[PDB]
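Enquirer: This one is an experimental structure. Sequence first:
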Amino acid sequence: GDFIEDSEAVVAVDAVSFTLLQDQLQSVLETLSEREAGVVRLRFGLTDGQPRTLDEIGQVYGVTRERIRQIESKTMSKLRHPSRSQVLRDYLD
Amino acid sequence: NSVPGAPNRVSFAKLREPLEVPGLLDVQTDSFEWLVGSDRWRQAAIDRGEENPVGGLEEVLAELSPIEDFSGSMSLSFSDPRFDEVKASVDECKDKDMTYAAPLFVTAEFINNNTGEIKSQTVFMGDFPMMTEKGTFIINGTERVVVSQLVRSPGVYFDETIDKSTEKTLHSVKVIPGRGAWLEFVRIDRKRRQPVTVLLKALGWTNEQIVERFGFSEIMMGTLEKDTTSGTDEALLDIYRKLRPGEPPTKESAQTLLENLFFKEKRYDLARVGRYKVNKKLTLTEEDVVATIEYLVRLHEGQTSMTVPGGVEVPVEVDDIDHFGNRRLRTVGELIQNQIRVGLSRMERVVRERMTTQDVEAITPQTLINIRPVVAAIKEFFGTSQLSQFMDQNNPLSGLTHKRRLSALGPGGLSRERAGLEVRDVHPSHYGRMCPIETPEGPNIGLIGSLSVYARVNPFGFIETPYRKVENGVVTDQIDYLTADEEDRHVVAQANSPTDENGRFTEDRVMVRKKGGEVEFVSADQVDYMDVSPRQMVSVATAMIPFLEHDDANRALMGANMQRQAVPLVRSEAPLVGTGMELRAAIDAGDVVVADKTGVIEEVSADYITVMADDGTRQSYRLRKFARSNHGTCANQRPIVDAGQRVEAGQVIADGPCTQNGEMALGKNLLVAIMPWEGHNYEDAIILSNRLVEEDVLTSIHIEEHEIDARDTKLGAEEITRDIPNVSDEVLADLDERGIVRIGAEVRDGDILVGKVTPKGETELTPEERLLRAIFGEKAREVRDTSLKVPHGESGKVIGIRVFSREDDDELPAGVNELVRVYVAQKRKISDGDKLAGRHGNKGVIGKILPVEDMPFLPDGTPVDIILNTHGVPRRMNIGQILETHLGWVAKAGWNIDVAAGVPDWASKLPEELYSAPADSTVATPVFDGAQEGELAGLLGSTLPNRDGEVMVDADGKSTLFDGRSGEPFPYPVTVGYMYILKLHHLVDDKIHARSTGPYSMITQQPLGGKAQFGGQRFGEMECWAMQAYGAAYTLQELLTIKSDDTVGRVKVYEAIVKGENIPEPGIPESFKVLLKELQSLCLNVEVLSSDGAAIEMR
Amino acid sequence: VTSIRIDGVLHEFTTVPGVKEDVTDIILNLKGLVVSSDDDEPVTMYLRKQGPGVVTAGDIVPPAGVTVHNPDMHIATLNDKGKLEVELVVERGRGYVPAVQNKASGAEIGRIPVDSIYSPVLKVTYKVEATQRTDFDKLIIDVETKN
Amino acid sequence: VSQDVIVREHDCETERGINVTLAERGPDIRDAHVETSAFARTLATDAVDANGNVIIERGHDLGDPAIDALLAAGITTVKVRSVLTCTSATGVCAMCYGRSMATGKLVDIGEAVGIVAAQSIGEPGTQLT
Amino acid sequence: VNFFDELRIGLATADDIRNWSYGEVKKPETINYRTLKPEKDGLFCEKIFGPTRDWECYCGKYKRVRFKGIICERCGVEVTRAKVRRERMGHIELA
Amino acid sequence: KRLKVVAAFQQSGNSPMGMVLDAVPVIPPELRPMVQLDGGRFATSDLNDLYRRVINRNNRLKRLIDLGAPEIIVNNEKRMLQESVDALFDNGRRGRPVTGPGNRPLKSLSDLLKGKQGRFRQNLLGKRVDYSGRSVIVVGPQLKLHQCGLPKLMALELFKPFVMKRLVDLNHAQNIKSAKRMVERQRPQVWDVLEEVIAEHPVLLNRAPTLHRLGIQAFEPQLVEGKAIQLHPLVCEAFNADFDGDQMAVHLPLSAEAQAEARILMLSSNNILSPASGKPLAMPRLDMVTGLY
Amino acid sequence: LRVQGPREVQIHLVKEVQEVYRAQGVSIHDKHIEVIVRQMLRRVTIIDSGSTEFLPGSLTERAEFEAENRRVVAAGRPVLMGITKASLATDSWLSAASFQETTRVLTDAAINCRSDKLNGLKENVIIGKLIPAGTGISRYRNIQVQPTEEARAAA
DNA sequence: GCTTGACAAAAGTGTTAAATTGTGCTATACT
Ligand SMILES: [Mg+2]
Ligand SMILES: [Zn+2]
Ligand SMILES: [Zn+2]
């Protein structure tokens, strides 16, 4: 019985790097327009942890779901832009 | 010698072996051949001894036949066991993880006494594991050995213990059967307060018979005079309530109780050993229970002779349980027989009951027979039993001594903890039977031992030793094998006593052993038998220590143990100074290839060797090549013969792992210097020439086995694949299509061997993780990565791959689709930290290895390979290691006489034909007749040159070494020579461990120990004591909180080191929280109170 | 000699059909090769032998600018089925350099790295004799080489 | 049994002690062991020769010089501070315990001398036949 | 806290035992032979001892940390860390 | 004697009723886990079969009570119920112990606490620890008394989180993830970094068995080639260290206090005399005697 | 003990113990032995209460016996007891449980309703507290450090 | 800079069939 690993045990190096990843995102997001960053956070549920539908994010900014879908595509090609993405690469897994 | 291809190794023995060493694997093969009773055993017991040989299988089958219920209306009879040809070959089984077995068949006859009908049916008992030529079994693919157990033979044994209080004498007799309750004098079934007289009447004998039979016994009359039992049936009642308390008896039950307990054959088991022991010494007979009490009364009285009332006279004396006459030794065949007997009796239960509820005339031998419990006994015996062990093979010698081991532990014997030191001590009767010098150093000492060289096992389980009988001061060629009982009968002449012409006593008086055994000096007049040769008492490994007679038993034991600890080298050089056994121990081990017919070699390949016999027949032998052994050593074999070569039956065609030219080579011959050197070789440490690295003289290979399977999971099927969810294409660079490492690849710690994947869900990815997915566009994959990687701290080249697929027909346990095994191998150069040793018990780690440039080096410019510290030698009584260091130099440089004109005085006793040997010739000094001190000196001067005629060593075995560091000579002459040193299975690569963070235990959060788990070190009770004595509270707290059990604190501390912040304050150890919970579960209310507020909650 | 490549074998621990020596016991033999090279830069030698016989260093065909100084040396013994095709790489250096693993170098799965001994010299000793008062010292050194 | 015994204070101040034999009856000759008994201790009371001059004051460490000095004056016994007589409420006191065998000086106030005693006693036990 | 003063013991009364308990385990059942999930009311039951996964009820209707400390009206499992599965006790009421 | 028990119940508020159980607590599931090993086969604590007998018998008792049943049957159930709760708490303490397959007795709740393998000695008074290693030891003759040879591979793993930080400080690695891979693959840059972090950072060395506190001492680590541990020859006496192949454990003190205790209290050169006889220990011996003699 | 009195038993036991170790060539300073012997004499048998609060035949600590026996406005005798029996008498119930006879200890503790103050060092080890010895003593662990104003000036 | 409508995938939701699971029962006589 004492040879069994605990698979749900917290690994220190990951929780720390996850803390560090949570830092780098907060920074990269600061390079986006207030609404651009705000839409990404709600879309993926960064702050709350609860993701939101395009219609729901359109409800906070007062637009259609399609408008949000558009703003989403743009900020993502902005995020995909190498100057923003270069730093997050090593967090692949 | 006497072996066809035997290499030429000159002996100093002054005697002649009258008897070749017996086949020393015999103890295993004979026991098994008896169990299966093949014609090879038939002829043996027919051509001598009893005329009705009964195989072990038939023997246990006679006990079953017939099966008859209380009615006797039906009888199920068994007979005629039969085996088919072995399912698969040994090689095939080790590969396919099956067990080497022959199916067994039986004839089952069921008879109905009412209808008089007969039903004969052939029955399949199961696959019965067979024994290899080498004396082993293949159980689920692993080679295993069944060690023989030491036990107390059934019989009546008396012991005299002085009264703890009155100091008066008392016996105290015991009778131990094969099976059933045991009695002691009547204290029975562990029920005290029982007079021995009350039962003597329970049989129905009237008191006058007591006064008639008791006779001269005074306490025999006073016990019946004191006993208040009146009548034979009333005594059975005083016996009935003590034996069966709680049950009101019946005259039918009161009488049958005693009859059924012992006399009845079913409940009480007469042993052939017990039946033979007491029948001569005096199922169970009423006649026998009287002679018991009679023997006892005539012991405490002091008479040495008891003539039974109607019986024959025998000595009345105490018995010794440690005397081998009373101690067997249940061999492998019997250990199997007993486990079969159990399996049948469990089946007889289902056969008996089955008859009742089965519709009659619808019952057949099969319908009553269910074989589950019979095969289970066998399978459950080989696994989980302590007498069935994984064969110990790092070298042929280790394997050969594993068989031939006899241990007193196991089921049917005493536990390791209870037995006292009286059984561990060597008895005088161990001589020539069980080697006294060989046992474990751990707290198994004396419980495990190895059978002697000439020892042989009796059909009854008693060890016999060969002797040569002497008559009228003349030793005959008659060789008689005697047990311990018949050895106490006679006077055993010493092995070496001067021989006279055609042979007879020369020395005025003879060395002899008495029945004490107490040694004595008497003339040639009174002797009967003599020893077959020196080293009868010694075992195989013990007999392999040159100059054994010069080393204290302490260091000798260590020396034997460590020979079986060595590891096969790539080169495998044989010992320069040997003993007798090296030749015959390697062939009898089976790790060498021997030819069974005279003939000539047709082909020699690294892969196989074929020989064309004079018989016209054609024999071929496939060579084991880089085969991984049980513990990871290398079994590689090499052919020693060439195409044209003629060869003779029993010769050696190919060398095994540790052998060279037919003799055991457990190590290399090295040039040794015994000076202390600059504090490097100190306190048993050793220093080495870097030559031993560059030239791969101590190098050895090693092979690890890695295994992974793809099974069916509730969420899908596991798939071996090359696709891994998150990796660079670099890690996969060495994987083939299917995702298994390519043969010939190089693998580091953490490299992938077999890629595997298992389904996962529902995942619920973290938001921070799902954002990167959108950005870099890598779909979160459907499955987790569970893949086979190489353990931390390991490395090598990929040797071979074995794949078993369900898609392919193959075979596998339910749920397992695919199994792939990967074999990694590495060359291990001799490394600082590895453990080396000689045959004398001298051991040490390599502390340093120097450039061959700076080393003590002889006048030739010949560097020494090893520098051994002078200080360890003198106090350890191992000085034999200095002798062989001298002889080693002799054998390496050659020598001459000493003649002319005449032969010098020392050589007179006498080296024969030994007067000259060339350079590099190999020597043999059998243990108890070896070279002698005089003969060493005479040889020590001899012979030049290095090349130039100058001599490098004097008659003291010393030389002037030049320091390779400063270049100046060492002020004094130093001893140099050649010593035989072995590389041992403790290696630094395996023993170096380190951990920072890693897996934790499930129930306790502590790190889990062992290298497999990447584990941490145990800081124990005693370590905490030391910490407390220092007064380091913060160190002690740290080790016990944030370095093990503190689940939040251990991740914080990491967070602190990586950010270079201060290390935080520790929390509560999880183990303590667990303790509170475990006490609560006992209904113990445990509250943790503060100063107040009273109860604190752990959460 | 640094590394070696044998067509049939992908690694050190197998056999070759018809050859008496296993690949590892052959590498041991090739250790005793005493070669010499003008160098610089690595250069491959070549050895191919068929049919029965005994292979030796003489059977090694050196490239232009290298030579084998003990062709008498036994490598492997071959039989009717034995065929041995092996190339050897000779580099230049000094001392003893342990086999460089091809994971560290750029080599592929086929290359067998081997321990390399670059030591022209074999065995060396010396001695001195003074020049009585006025004594001086004269030393003799005994130098032997591998050829 | 001894693990909770630690030095809790500098001085309990008791005058109590035990009488060490410090040889005897000669010449007409140190006790075979004054090294494990008298040395390292601290004097409970002044050591006085006849009639006499008080050759060593109470509280002295009793090194090697002190035993030589005392021996000259002809003192065949000395009263010494011991943890047996120590009156400390908790633990024992430095003065009563005496010199630390490790430091060679008065024991430190943190020292846990029970564990050290336990180990000092048990360690050689392997050598006890 | 890591600093407590006293630590006390006593006989646990049936009432103490019942107060510790987060439920009475009524069945000698460990886990389902097919799904391998904890059987309700048995040993391991998530309703009493706790959730197998963090902030995940047995059925899953409430899967999110958004509402901790609410019980699923269907499966009756509480939404919180699976760590409580280590801290929580049951009881048996003897007949 | 009988008073000692009767008196004990007066002063405490404990109702003596507690010695009879109306209800039995049940231990949390993770302390009696059931988990599948690698390959899917399952393993669980003995506690669960023990709890199973109890609840099985209690439930049968309820059943017989409700039907109505002759006392012989009902009383038999209560006797069985009593024995099962015994086995649960302490198995074999009365009668033959409840056994599983192979006739090995099941581990009771009492079996957890008691013995060398129980909670106290196994998991409480000692335990396995992070930031530790071991290897075989070799002689240190060139070392200063306060130093030890540490295998560089061993040092690397021991200090892994330290160097990971350092090589992120120096720009060798851009993020912690890269730093971790850089150490695992042992890229050559790390070595120079290791010497930095290891400098003047002490470590504890222990050899079992630990007899006196001197069986643990702090030293100054020195990166050493090879997989063995270089031990100063003057500390053999205290550790009772044979070079016949003994091994020693290394422990890395972390907090400032722990490192202070190492340098001040446990440092090799500050512990010379035995703290029993006061005689010198690190004093020369063996070779060093005959050399000076 | 009964003849020569408590302080003389100590002298005897130290001499006796010290004789075995002297026989085998071992040097142990008497104080180490004295530390151990001191723990055997620490209790006294209570012959009469008389108004206590103590029970006859019970072994109570000498200091705890002296103070509560005063009771403002109960006789015993010095008691020798071996180290094993002595350590079981210790006031820490979880210290006694970890030592030996765990079940016996826990059952007597739960009936006496025992409260452990966690003063001893083994107790603090088990719970992860700082042992009350060496650097863990209050006077040392509460040390406050600041640089001298003279030092801050030099900066 | 954003919105509309057409639209298909995705996700729920209710409705039904299939499977899984629980329980009762078996009457030569048998203790
Ligand atoms: Mg040792
Ligand atoms: Zn004091
Ligand atoms: Zn739910």
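Expert: Perfect, I can see it now. Numbering: from 1, shown residues only, chains lettered A, B, ... in the order given. Ligands and ions are numbered 1, 2, ... in the order given.
Enquirer: nearest spatial neighbour of residue B:551, skipping sequence neighbours?
Expert: With sequence-adjacent residues excluded and distances taken as C-beta to C-beta, 6 or more residues apart in numbering or on different chains, residue B:551 is closest to residue B:880, at 4.4 Å. Every C-beta, even on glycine, is put in place using the N, C-alpha and C of the backbone.
Enquirer: Residue C:54 too?
Expert: residue C:77 (5.0 Å).
Enquirer: In this structure the one you found contacts residue C:29, no?
Expert: No. If you go by C-beta atoms under 8 Å, residue C:77 and residue C:29 don't touch, sitting 10.5 Å apart.
Enquirer: More neighbours: which of these two?
Expert: residue C:77 (19 against 16; other C-beta atoms under 10 Å in any protein chain shown).
Enquirer: Doesn't the more buried one belong to a strand?
Expert: Yes. Remark: residue C:77 belongs to a strand, assigned using DSSP: H, G, I helix; E, B strand; the rest coil.
Enquirer: where do the helices sit along the stretch 651-800 of chain B?
Expert: B:691-694, B:767-776 (DSSP state H, counting those that start in this stretch).
Enquirer: most neighbours per residue, which of those helices?
Expert: Mean neighbour count (mean count of other C-beta atoms under 10 Å in any protein chain shown) peaks for helix B:691-694 among these, with a mean of 20.
Enquirer: Residues contacting that one, please?
Expert: With C-beta atoms under 8 Å, 6 or more residues apart in numbering or on different chains as the test, helix B:691-694 has contacts from B:670, B:697-698, B:829-830, B:849, B:852, B:863, B:865, C:96, C:98, C:115, C:117.
Enquirer: Burial check on residue C:97, number of neighbours?
Expert: With other C-beta under 10 Å as criterion, residue C:97 counts 14.
Enquirer: Leaving out chain neighbours, which residue sits closest to it?
Expert: Closest to residue C:97 by C-beta to C-beta, 6+ apart is residue C:116, at 4.9 Å.
Enquirer: Now the one you found, what are its backbone angles?
Expert: phi -120, psi 130 (degrees, to the nearest 10).
Enquirer: Now do the contacts for it.
Expert: So residue C:116 contacts C:1-2, C:91, C:93, C:96-97, C:99 (C-beta under 8 Å, 6+ apart).
Enquirer: from those residues, which is closest to chain D?
Expert: residue C:96 (45.7 Å; C-beta to the nearest C-beta).
Enquirer: How far off centre is the host helix or strand of the closest one?
Expert: Assigned by DSSP states H and E, residue C:96 belongs to strand C:95-97. Averaged C-alpha coordinates place strand C:95-97 at 13 Å from its chain's average position (C-alpha atoms, centre = their mean, to the nearest Å).
Enquirer: Walk me through which strands it pairs with, and which way each runs.
Expert: strand C:116-118 (antiparallel) (DSSP bridges).
Enquirer: where along chain C do the helices fall?
Expert: Ranges of helices in chain C, per DSSP state H, are C:23-31.
Enquirer: And the residue of it closest to ligand 2?
Expert: The minimum distance from chain C to ligand 2, using C-beta to the ion, falls at residue C:98 (66.2 Å).
Enquirer: swap in chain G?
Expert: For chain G, C-beta to the ion, closest residue to ligand 2: residue G:38, 11.2 Å.
Enquirer: Packing partners of the helix or strand containing that residue?
Expert: Assigned by DSSP H and E, residue G:38 belongs to helix G:30-40. Helix G:30-40 sits against helix D:113-122, helix G:6-23, helix G:83-88, with contacts defined as 3 or more C-beta pairs under 8 Å, 6 or more residues apart in numbering or on different chains; DSSP states H and E.
Enquirer: okay if I get those as CSV plus mean neighbour count?
Expert: Output for these, formatted as CSV (neighbours: other C-beta atoms under 10 Å in any protein chain shown):
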stretch, mean neighbour count
helix D:113-122, 24
helix G:6-23, 15
helix G:83-88, 16
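Enquirer: wait, which of the ones you listed is closest to residue F:34?
Expert: Residue F:34 lies closest to helix G:83-88 among these, at 38.0 Å (C-beta to C-beta).
Enquirer: In chain C, what residue lies closest to DNA strand H?
Expert: residue C:109 (42.7 Å; C-beta to the nearest atom of the strand).
Enquirer: Now for that residue, how many residues are close by?
Expert: 15.
Enquirer: Could you pull up the contacting residues of the residue of chain G closest to ligand 2?
Expert: D:5, D:83-84, D:92, G:10.
Enquirer: returning to that earlier point: tell me the angle of the helix holding residue G:38 relative to helix G:6-23?
Expert: Following axes from the mean of the first three to the mean of the last three C-alpha atoms, to 10 degrees, one obtains 130 degrees for the angle between helix G:30-40 and helix G:6-23.
Enquirer: C-alpha coordinates for the helix or strand that helix G:30-40 is followed by, PDB please?
Expert: Toward the C-terminus, helix G:30-40 is succeeded by strand G:43-46 as the next helix or strand (DSSP H and E). Output of strand G:43-46 as PDB, limited to C-alpha atoms (Å, rounded to 0.1, in the frame of the first residue of the first chain):
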ATOM      1  CA  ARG G  43       8.800   9.400  42.200                       C
ATOM      2  CA  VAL G  44       7.500   8.200  45.600                       C
ATOM      3  CA  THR G  45       4.800   5.700  46.600                       C
ATOM      4  CA  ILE G  46       1.700   7.200  48.300                       C
END
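Enquirer: Helix or strand next in line after the one helix or strand residue B:77 maps to, which one?
Expert: Residue B:77 is part of strand B:74-83, with elements assigned from DSSP H and E. Of the helices and strands lying after strand B:74-83 in sequence (DSSP H and E), the nearest is helix B:90-96.
Enquirer: returning to that earlier point: so can I have CSV of the contacts of helix B:691-694 showing neighbour count and distance to residue F:149?
Expert: What follows is the contacts of helix B:691-694, written out as CSV (neighbours: other C-beta atoms under 10 Å in any protein chain shown; distance: C-beta to C-beta, whole Å):
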residue, neighbour count, distance to residue F:149
B:670, 25, 25
B:697, 21, 26
B:698, 26, 22
B:829, 17, 20
B:830, 21, 19
B:849, 21, 14
B:852, 20, 23
B:863, 23, 25
B:865, 25, 24
C:96, 17, 23
C:98, 12, 21
C:115, 21, 26
C:117, 16, 28
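Enquirer: from those, which two are the most distant?
Expert: Across the contacts of helix B:691-694 (C-beta to C-beta), the longest gap, 20.9 Å, separates B:670 and C:98.
Enquirer: related to what we said a few turns ago, pull up the overlap in contacts between residue C:77 and residue C:29.
Expert: With C-beta under 8 Å, 6+ apart, residue C:77 and residue C:29 have common neighbours residue C:21.
Enquirer: ok, now which ones touch residue B:635?
Expert: B:393, B:568, B:591, B:624, B:626-629, B:656-657.
Enquirer: Is there a quick ChimeraX command that grabs whichever of these are buried?
Expert: For the buried members of the contacts of residue B:635, the matching ChimeraX selection, counting by 16 or more other C-beta atoms under 10 Å in any protein chain shown, is:
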select /B:393,568,591,624,626,627,628,629,656,657
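Enquirer: Please produce TSV containing the contacts of residue B:635, extended by secondary structure and distance to residue F:285.
Expert: Converted to TSV, the contacts of residue B:635 look like this (DSSP: H, G, I helix; E, B strand; the rest coil; distance: C-beta to C-beta, whole Å):
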residue	secondary structure	distance to residue F:285
B:393	coil	41
B:568	coil	38
B:591	coil	44
B:624	coil	49
B:626	coil	47
B:627	coil	47
B:628	strand	44
B:629	coil	41
B:656	coil	44
B:657	coil	41
